[PDB]
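Given next are the chains, with one letter for each unit.
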Amino acid sequence: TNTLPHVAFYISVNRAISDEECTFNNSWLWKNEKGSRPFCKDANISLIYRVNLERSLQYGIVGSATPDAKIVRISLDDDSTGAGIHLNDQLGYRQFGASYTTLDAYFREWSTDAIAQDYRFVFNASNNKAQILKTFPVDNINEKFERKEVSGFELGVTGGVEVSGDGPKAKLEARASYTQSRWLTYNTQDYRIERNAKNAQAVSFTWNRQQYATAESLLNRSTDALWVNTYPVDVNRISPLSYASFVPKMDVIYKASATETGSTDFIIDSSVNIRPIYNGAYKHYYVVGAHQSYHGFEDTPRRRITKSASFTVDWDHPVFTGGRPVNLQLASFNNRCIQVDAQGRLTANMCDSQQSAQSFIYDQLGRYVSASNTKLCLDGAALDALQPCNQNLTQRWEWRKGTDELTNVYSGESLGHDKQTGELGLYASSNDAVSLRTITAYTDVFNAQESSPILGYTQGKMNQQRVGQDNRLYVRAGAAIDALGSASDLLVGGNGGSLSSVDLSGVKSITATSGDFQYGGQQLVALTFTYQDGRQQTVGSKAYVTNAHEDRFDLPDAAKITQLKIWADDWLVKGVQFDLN
Amino acid sequence: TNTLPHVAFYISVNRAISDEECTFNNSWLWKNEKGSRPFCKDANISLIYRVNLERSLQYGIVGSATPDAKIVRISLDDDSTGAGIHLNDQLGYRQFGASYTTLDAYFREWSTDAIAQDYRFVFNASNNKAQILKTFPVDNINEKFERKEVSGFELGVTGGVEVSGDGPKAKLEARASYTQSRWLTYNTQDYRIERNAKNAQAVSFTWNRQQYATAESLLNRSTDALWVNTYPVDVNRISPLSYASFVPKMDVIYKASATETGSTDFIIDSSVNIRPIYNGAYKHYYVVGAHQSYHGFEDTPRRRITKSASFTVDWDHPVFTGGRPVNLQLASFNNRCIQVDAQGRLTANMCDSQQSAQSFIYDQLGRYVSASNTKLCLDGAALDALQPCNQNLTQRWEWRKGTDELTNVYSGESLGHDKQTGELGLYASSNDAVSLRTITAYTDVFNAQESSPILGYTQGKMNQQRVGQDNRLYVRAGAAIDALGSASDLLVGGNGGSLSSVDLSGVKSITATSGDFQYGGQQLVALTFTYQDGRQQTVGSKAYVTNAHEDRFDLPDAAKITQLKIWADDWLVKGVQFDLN
Amino acid sequence: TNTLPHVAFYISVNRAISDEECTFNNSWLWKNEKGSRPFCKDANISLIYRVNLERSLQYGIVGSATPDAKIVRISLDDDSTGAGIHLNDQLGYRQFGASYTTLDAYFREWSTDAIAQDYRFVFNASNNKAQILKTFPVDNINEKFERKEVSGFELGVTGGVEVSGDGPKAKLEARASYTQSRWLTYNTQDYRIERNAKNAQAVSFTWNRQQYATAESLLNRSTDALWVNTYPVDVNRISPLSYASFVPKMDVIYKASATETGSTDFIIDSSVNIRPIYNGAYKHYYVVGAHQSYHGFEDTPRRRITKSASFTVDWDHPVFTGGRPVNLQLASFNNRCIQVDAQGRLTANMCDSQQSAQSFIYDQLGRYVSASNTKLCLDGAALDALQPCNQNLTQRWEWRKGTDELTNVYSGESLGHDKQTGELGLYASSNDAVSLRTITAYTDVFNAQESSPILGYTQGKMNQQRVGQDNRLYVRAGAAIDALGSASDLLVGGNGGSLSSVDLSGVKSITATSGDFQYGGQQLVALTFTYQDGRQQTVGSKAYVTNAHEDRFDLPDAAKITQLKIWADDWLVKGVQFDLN
């Protein structure tokens, strides 16, 4: 209670990966002939981010070497990571042969169960109120290299003596060599952490395969006689880090100005780039003989599965005062506190320790500054409302040691309240109608509101709308979701759909379906609303999409949808988030 | 007593491995001809886990950078591991030959005493109230590699002079070489710690052989003349870590929400993968000559012996308040304390320092919050029962310095109790019927309840059932246990058995028999109940199973079985746990 | 409040880079035939510098081992860097061939997407009031080298015996070699940090490519048969640090004398040197056969994109006193403080905690020294104005413990003020017209004024001018901006323009256009003023410039332009900065 306060919470990022999502052709050389299979067993993403919100300084601290700022911290570190990312328990392979006859072409292929070509984590601020301040790792590696430069020479002589029937021979010989080599030594990793600094609002970290990044590099055989039929891959080079378990660690820190206001959303895109592995053998025919040579196919398919989350920061939140607020409790009542409305008018209400409007920072001057609005202070000159903060002595208060009486610095009089109405005033002493007893306690204004889930993809431009008075969601749907909005004229997205309307009151759950759209790209293709009464309603189609994923959102008991967040381009909607209360 | 409280206990995991369990064929090449033996002497598993339960913050701390959460810690570390895992004191071998005559085939074999192909430790939460927050080791190794790239050239000249009978000769010769090599350097271990992140509830660590993982790799001879007959294995490559003693170190930390409720089970599966080692020689016949070449057979049998334990966490346990509770003792009596029932009604009972219902957290406001139910507080407005916690001044208490009097902040009156009934009230002063003397002391609500043993295997889906009013266990048994349950319609498991019923009252001990079922897989084949009176009763058969193991559960004096935990698939039961009280 | 005070603020340096700016010829060999493309996608610069201002000692500290001085710190470090510099998300290439027939010349080319040949950061003090004291890194690396000197010899003999039809031969041979080599081992980096110490006011850090700095060095093929057509570049050697994300870390510290006065500007030039990569193949024809040889072209084009910022330091700023000032508040009034004007005359004004003129340092003697002018003190001999500081006992004040009365050390009388006028005097006791109640509190004189955007380039000599009484900006403009100034005779810059005049009152925003001038070099080519009423006005032309950039400056509500900063040579203006208030 002398230290800097924080808002602190975890964000769970869980995403099961379907067998379909994990499925690829059994073959690259003969894509269509050889069929397909799931290339991973029970793939999953389970991460846990930790978020911190805080001011860079404590309230009222002056002349610090630390710039005054509003700070947002997102991290996966030693203290919190989650289970991790999983693709397989072990890696197997299947072999395939050309159905036709082969003189000089590819004749065999091995498709190996999939591994993570990369794991990737993208951080995005929704607006420019926030900028990236620093990250961990801080940057890409500036690699060091060791060069060796060698050179030398050799001088030799050889004396010979041969004796034979033909006669005696004798040789004296002399040599001189000059040698010169160059060495270069450097390091690589299984996975290299690649940082991408898109701009002041966005940064991403990708753990990207480096050593052994290509199918080619997994080969431990180059050539063979054609009677040889065996896996030409050293599966040992594929690390458990590549399929069994991966855990990222990074820190991203955003800053907003000391006076910033409004809100910013922070969007975290965690993903794995699933990559099956294809190698092939090639029958070589040259007149004289024939052999088999092994190869890696690199331009084979990959699929990136992504799970997104977001959280919202109100720069006006009490935590960014850097102060620890307390309340002022009118103690003649069992349960009444000073409370301030939007205009600063003071009333006496039942105490609620989580109500920012009953919270004040008691600063270095002895002012009681509103934690919800730091422009306003308790001022003894006018106790009907908070006044704009200044150097008035009437805005400074001191407690009379050993009593429950709060005195005003200017007049010395005490803060009193009416035993029936709780109306505030200054008094020299108590009387039958006014109590001087004021009680104060620290309050818990730092609790974190939980965040709504994201249905679909966070691609395209993001839009935000308050839900209308009529309480309905407007939709253009067809093969997929064409657009969404809070009114028929405020549709965000494309044009193509049949216009429809869904009732948002009484929704118990929403279920989105999305994936690779038959006609193009990745889209949100269907929403299904289930109501408290049990009735269902659907928009869009589950039938024009492959690699489909289902996102489910079960709304807490009797909560109302109040905001829409919509990701869309000009053609189709890519994702939506239904914010509560 | 100013610090965060913990629940702390050890879990002993001991499992003797039988000679049968350790037994394999003396030969792979000639499985059936050459018989079988135990491949380890007195194999055993003795581990000791340490468990800690705690809140992430102390009670009532606000604005910490640490998210509020409920924490479960399971670890084997520097401070506690247990004896370890043992297979043998030393490694020997036996040799075998083909009984038949041999021109071009395998003719000799050496089977070497068994080693641990891996040691494995699996952690599972029974439900999703808990998620994995972090582990140690945190992840698989992201291996670093050192690449060298070299290239050079050589320029040479040679001057020659030969003199012979035939005549004088002379040579001037010139050379030019170009060389180029690539180096790759990297590390391996005897055992590599492989982490498997199955999902948010389950993670596993496997110490898996890496260098020298294959029978092949143990070979220190490749080829020989057929007159050579000797062990082609460098037994030195097999480390004591592989058979004599192995000790794991790992940390697994689960988290539940700050408001989570109910219970979760945590299941630990410790196991060793016993692996005998078979190598063979091969007589080669090509017309010109003949030699012998050595080999390793890798697809030979292995057997995994497992010992499981589980513990239960009630998220409602006082430890998760992060507070250190005290009691309120009515001191006119020699031994009476305030106690609260399920509805919050207050009575005066004999003090029991381990009774959560007599425990209160005295918080920053001066409220006495029930440690068993933190929604309720001692409220001077209504001393017949605890009231929902709020900011009432009547819920705040201050001790009159240097006395045994507790005063109520609102009225200033003292907490008194009736000298005969212990009924509570607020009083300005004492009188002949009412005492004002209240005494308080810290209480021990952090003791850990001991956990029941698991009988059989923790395979298949796990189910949980309260034991019925009739107090009976229902059983479908035949060759093995087909199903179990708390009533005849609530059977978990298969269908195949003759339906039976066992009385659970008066059970002194239960003895399960399980193993490799003759008809398929690993099953729980028989249960034997022994009663207080001495009579026994059995279900299932001890006769349709090999590699059988017997698990024994001796119930503490006069304890009643109250919960069933049943591991089963659709066909048969694989294990059961009988929970007490 | 016992420690050294600082002024502390961030400077955001953001600069998007246009597709045009990122554009180069698709070919070097065939510049004009093959067209052009953008060589980077969405290139950007986003850095955040941290600035600190402070005295080297705390106020009044004597005999320190630390020299008294004024300190300015500029840094990008672990605590603040910004997103970084970005050129691309990945690197691709395009191939090109000679349109004509080829026997012995270049016939293929590959132009690879661009990378950062260097990142560069330049620091400049505008005048010589400030000198560089130290930097981090402190210097260029003094590289260590490892020499090996080897030498040896070999002595050999060979005995031979040949038997043939022709007869038996026999050789005895003898050899002697002498070898000698020299090794040199040393280190290089991807990027080497090169420091350039231009002079006492200017230093620069350049992260410059070292290993792999040339197109040549990226080649992983030297020669080939002409049927070979493939990318001869190992793109792997190009690190993410070269295009995806780069973050500098450096510290620059300037010092001014303990008595320095006036102001200095500090100018930071952050830049990336964009470099496309061109390699070619060469058809070789010699009568006997023919091959293809690969090459790197190094003297290809590069383009440096720069973003500049500047801040201003007034050496007279209270922070440089190293003290923590307080105010003296006449407490008979609700809101009145002693305030001092430019001549030292004292009046009683409404308190303003950010007003340096109401701030005093209470020093070790008990003097109240003006924080705005440390030559003056509160002197009880003459309370109508501050007097020059000296050892007068009348300049020393002591608070009467436990009261609000400030006493004068000399006479012991107290500091009183007139209840109506606030006129100061010394009094033995209070009376009906004079109050003795004085209140004091620490004041916030350390807030940083925000800095205006630099429009254009910081090239040429920099000039500074106060804005005239007529409140107008004078301009000679033509194809570009020829000159600017505060009056028609005070034009800084060239001669060539038609003389014009712009009204500076009511300006809501200014928008500069600058770039590569058609006639020569890089110039400021156009300014556009937009007024509060909505009307616009422009000088210069947007039409004689390529690689143009637009700098926008939106003035805060009702702020007046008061200073001009103008970068110009003898011909044309290169940049301008409009300082506010």
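The record names X-ray crystallography as the way this model was obtained, at a resolution of 2.88 Å.

Visitor: Even after reading the chapter, I still don't get the overall build of chain A, so can you show me in this structure?
Guide: The helix and strand tally for chain A stands at 0 helices and 43 strands. Here the C-alpha atoms of chain A give a radius of gyration of 35 Å, more than 25% beyond the 25 Å that 2.2 N^0.38 yields for 581 residues. On the principal axes, the C-alpha backbone points of chain A span a range of 145 × 70 × 35 Å. Once local pairs closer than 6 in sequence are excluded, the contacts in chain A between residues at least 24 apart make up 68%.

Visitor: Looking at this structure, I do not really get the relation of the copies chain C and chain A. What am I missing?
Guide: Mapping chain C onto chain A calls for a rotation angle of 52° and an axial translation of 0.0 Å; the resulting RMSD is 0.4 Å. An overlap of only 6% is found between the interface residues of chain C and their copies at the interface of chain A, pointing to separate contact surfaces.

Visitor: Just to check I follow, could you spell out the interface of chain A and chain B for this structure?
Guide: When the parts of a complex come together, some accessible area is lost, and that lost area is often taken as the interface size. In this assembly, 73 residues from chain A lie in contact with 59 residues from chain B. Among the elements of the structure, β1 (7-16), β4 (44-55), β6 (84-86) and β11 (168-189) of chain A are those that each provide at least two residues to the side of chain A that touches chain B. Among the elements that make up the side of chain A that touches chain B, the one with the highest residue count is β11 of chain A (22 residues). Across the side of chain A that touches chain B, the residue classes break down as 29 nonpolar, 28 polar and 16 charged.

Visitor: For this particular structure, what's the right way to read the relation of the copies chain A and chain B?
Guide: Mapping chain A onto chain B is achieved by rotating through 51° and translating by 0.1 Å along the same axis, at an RMSD of 0.4 Å. Little of the interface of chain A is mirrored in chain B, where only 4% of its interface residues again form contacts.

Visitor: I keep staring at the environment of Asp 118 of chain A and nothing clicks. Help me out?
Guide: Residue and element names in this part refer to chain A. Among the secondary structure elements, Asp 118 is positioned in strand β8 (residues 106-125). For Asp 118, a relative accessible area of 5% gives the class buried. With near-sequence residues (within four places) excluded, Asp 118 lies in contact with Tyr 191, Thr 206, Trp 207, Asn 208, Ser 271, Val 272, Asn 273 and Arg 304. Of note is the side chain of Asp 118, whose polar atom sits 3.0 Å from the side chain of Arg 304.

Visitor: Which parts of the structure should I look at to understand the interface of chain C and chain A?
Guide: Taken together, the contact pairs 72 residues of chain C with 60 residues of chain A. Elements with a contribution of two residues or more to the side of chain C that touches chain A: β1 (7-16), β4 (44-55), β6 (84-86), β11 (168-189) and β31 (438-442) of chain C. With 22 residues, the top contributor of residues to the side of chain C that touches chain A is β11 of chain C. Across the side of chain C that touches chain A, the residue classes tally to 29 nonpolar, 28 polar and 15 charged. Where strand β10 (residues 144-164) of chain A lies against β11 of chain C, 21 bridges are found, and the strand directions are antiparallel. Paired with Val 150 of chain A across the strands is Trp 183 of chain C, a residue of β11 of chain C.

Visitor: Help me understand the pairing of strand β21 (residues 346-349) of chain B in this model?
Guide: Each regular strand shows side chains that alternate between the opposite faces of the sheet. All names here are of chain B. Two strands pair when backbone bridges link them, and strand β20 (residues 337-340) and β21 are joined in this way by 4 bridges, in the antiparallel orientation. Counterpart to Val 340 in the pairing with β21 is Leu 346. Between β20 and β21, which pair antiparallel in sequence order, lie 5 residues; one of them, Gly 344, sits at a positive phi of approximately 90°.

Visitor: Explain the domain arrangement of chain A here, please?
Guide: Residues and elements named next belong to chain A. Looking at the assigned domains, one finds that chain A contains domain 1 (1-140 + 188-319), domain 2 (141-187), domain 3 (320-445) and domain 4 (446-581). Placing a centre on the C-alpha atoms of domain 1 and another on those of domain 3 gives a separation of 54 Å. Of the residues lining the interface, 22 residues belong to domain 1; the matching set on domain 3 comes to 16 residues. Contributing elements (two or more residues each) for the side of domain 1 that touches domain 3: β4, β5 (70-76) and β18 (303-314). Here the side of domain 1 that touches domain 3 gets 3 residues from one element, more than from any other, and that element is β4.

Visitor: Would you mind showing me how to read the nonpolar core here?
Guide: Taken as a class, soluble globular proteins show a tendency for nonpolar side chains to be buried jointly. Core analysis: the largest hydrophobic core is formed by 74 residues, its most contacted members being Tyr 49, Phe 121, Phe 123, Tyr 254, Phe 266, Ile 274 and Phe 311 of chain A. Among the elements that take part in this core, β8 of chain A stands out by supplying 9 residues, more than any other. Core analysis: the next-biggest nonpolar cluster, separate from the first, contains 72 residues, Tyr 186 of chain A together with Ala 116, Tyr 191 and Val 313 of chain C among them.

Visitor: Would you take a moment to explain the packing of aromatic side chains for this structure?
Guide: The geometry of an aromatic ring pair is captured by two quantities: the separation of the ring centres and the angle between the planes. Within this structure, the stated rule accounts for 73 aromatic pairs over all chains. With a centroid separation of 4.8 Å and 55° between ring planes, the pair formed by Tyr 254 of chain B and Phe 266 of chain B is classed as tilted. Taken together, the positions of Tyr 254 of chain B in strand β15 (residues 250-256) and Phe 266 of chain B in strand β16 (residues 263-286) put the pair 12 residues apart, joining distant regions of the chain. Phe 266 of chain B matches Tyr 254 of chain B in its accessibility class, with the two residues each being buried. Clustering of aromatic rings is evident, with ring pairs tying together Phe 9, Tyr 254, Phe 266, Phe 311, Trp 315 and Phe 320 of chain A. A cation over an aromatic ring shows up here: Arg 535 of chain B above the ring of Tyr 531 of chain B, its NZ or CZ 4.2 Å from the ring centre.

Visitor: Where do I start with the pairing of strand β16 (residues 263-286) of chain C in this structure?
Guide: Residues and elements named next belong to chain C. By the bridge criterion, 16 bridges tie strand β8 (residues 106-125) to β16 in an arrangement that is antiparallel. In the sheet register, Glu 109 faces β16, and the bridge partner there is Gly 280. Note: β16 against strand β17 (residues 289-297), 9 bridges, orientation antiparallel. By the bridge assignment, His 284 is partnered in β17 with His 291. Counting the residues that bridge the hairpin from β16 to β17 gives 2 residues.

Visitor: In this structure, what is going on with the sheet that holds strand β36 (residues 492-493) of chain A? I would like to understand it.
Guide: Sheet strands pair by backbone hydrogen bonding; their relative direction is either parallel or antiparallel. All names here are of chain A. Pairing in this open sheet of 4 strands is antiparallel, and the strands run β36-β35-β34-β37 from one edge to the other. Each edge of the sheet is formed by a strand with only one pairing partner; in this case those strands are β36 and β37 (498-503). Bridging between strand β35 (residues 481-485) and β36 involves 2 bridges; their strand directions are antiparallel. Pairing of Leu 484 across the sheet is with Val 492, part of β36.

Visitor: Please clarify how the state of the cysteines should be interpreted in this entry.
Guide: A disulfide bridge is the covalent bond that connects two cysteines by way of their sulfur atoms. Residues and elements named next belong to chain A. The tally for this structure, following the rule as stated, stands at 9 disulfides over all chains. Paired by a disulfide, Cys 22 and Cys 40 hold their sulfur atoms 2.1 Å apart. A torsion of -100° about the S-S bond marks the disulfide between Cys 22 and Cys 40 as left-handed. Of the two residues, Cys 22 is situated in the loop between β1 and β2 (23-25) and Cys 40 in the loop between β3 (36-38) and β4; the sequence distance between them amounts to 18 residues. Of the two residues, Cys 22 and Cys 40, both sit in the buried class. Within chain A, bonded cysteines paired by disulfides and numbered along the sequence follow the pattern 1-2, 3-4, 5-6.

Parameters at a glance
- Residues numbered from 1 in each chain as written, not as in the entry; some residues may be left out.
- Chains lettered and ligands numbered in written order.
- Part of a larger assembly, values for the part shown.
- Heavy atoms only, no water.
- Residues with missing side-chain atoms left out of burial classes, pairs and counts.
- Helix = DSSP H or I, 4+ residues; strand = E, 2+ residues; numbered from the N terminus.
- Rg over C-alpha atoms; globule rule 2.2 N^0.38 Å.
- Contact = heavy atoms within 4.5 Å.
- Least-squares fit on C-alpha atoms.
- Nonpolar A, V, L, I, M, F, W, Y, C, P; charged D, E, K, R; others polar.
- Buried < 20%, exposed > 50% of the residue type's maximum accessible area, 1.4 Å probe, protein only.
- Polar contact = N/O pair within 3.5 Å; in protein donor to acceptor, adjacent residues only side chain to side chain.
- Pairing = 2+ DSSP bridges.
- Domains from an automatic or database assignment.
- Core = buried A, V, L, I, M, F, W, Y, C linked by side-chain atoms within 4.5 Å.
- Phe/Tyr/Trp six-rings, centres within 6.5 Å; stacked < 30°, edge-to-face > 60°.
- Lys NZ or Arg CZ within 6 Å of the ring centre and 35° of its normal.
- Disulfide = S-S within 2.5 Å.

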